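Since the structure comes first, as structure tokens, the remarks are kept for the end.
Residue numbers (full-length UniProt numbering): 28 to 160.
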């Protein structure tokens with residue numbers, strides 16, 4: 028969540044991308060938010076709206092929070108991307124390689140209160156991606 032992108036709008040930036048390029052570069056503009064590299068990421072080929080609408084569906088128990096239900100699983104199967112840090116122990120966004128694996132399924136995103144200056148229409152927005160099922 029850089030000083031240019033919010034916590035949500037920035038989440039979909041790396042967690043969402045209609046046309047997910049080479050995980051190698053696709054992890055550039057994103058990682059640019061921090062100095063370290065990510066251990067995993069999933070870019071769902073869909074618009075933020077299609078994601079925010081999922082936060083209004085029957086919530087369920089999230090994997091990252093076995094004691095909380097602040098997330099919601101996608102109702103309709105959509106084409107998403109699943110990448111992983113193929114460089115275990117490497118902390119260089121310059122030489123940080125990422126794996127690529129296409130797939131069409133749901134997605135577990137943690138929705139939370141957003142700022143009225145970024146998402147006026149949508150009340151809640153995704154800030155984390157557990158996985159894609």
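C-beta: ideal position from N, C-alpha, C; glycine also.
Check: Fully enclosed by the stretch 35-114, which alpha helix (DSSP H) runs are 4 residues long or longer?
Finding: 36-42, 50-53 and 75-79
Next item on the list: Identify, in the order they occur along the chain, each residue of the same chain with its Cβ nearer than 8 Å to the Cβ of residue 79, setting aside the five sequence neighbours on each side.
Entry: 138, 146, 149, 151, 152 and 153
Note to self: Using only the alpha-carbon positions, how far apart do residue 107 and residue 32 sit?
What the structure shows: 22 Å
Item checked: residue 134 versus 48, 89, 94 and 111, residue with shortest Cα-Cα distance -> 89
Next item on the list: Please list, in chain order, all residues of the same chain as residue 84 whose beta carbon is under 6 Å from its beta carbon, the five residues on each side excluded.
Entry: 99 and 102
Note to self: Within a Cβ cutoff of 7 Å, which residues of the same chain sit near residue 124, ignoring the five residues on either side of it in sequence?
What the structure shows: 51, 113 and 114
Notebook entry, point to check: Based on Cα-Cα distance, which residue from 117, 45 and 70 lies nearest to residue 136?
Noted result: 70
Margin query: If I follow the unbroken beta strand (DSSP E) through residue 141, where does it start and stop?
Written below: Element bounds for residue 141: n/a, residue is neither H nor E.
Margin query: Between 65, 40, 94 and 58, which has its C-alpha nearest residue 74's C-alpha?
Written below: 40
Next item on the list: Report the rounded CA-to-CA distance for residue 109 versus residue 58, giving the unit in angstroms.
Entry: 16 Å
Note to self: Do residue 159 and residue 141 have their beta-carbon atoms positioned less than 9 Å apart in this structure?
What the structure shows: no
Checklist line | Spatially closest choice to residue 43 from 144, 87, 76 and 91, by CA coordinates | finding: 76
Check: The beta strand (DSSP E) spanning residue 130 covers which residue range?
Finding: 128-132
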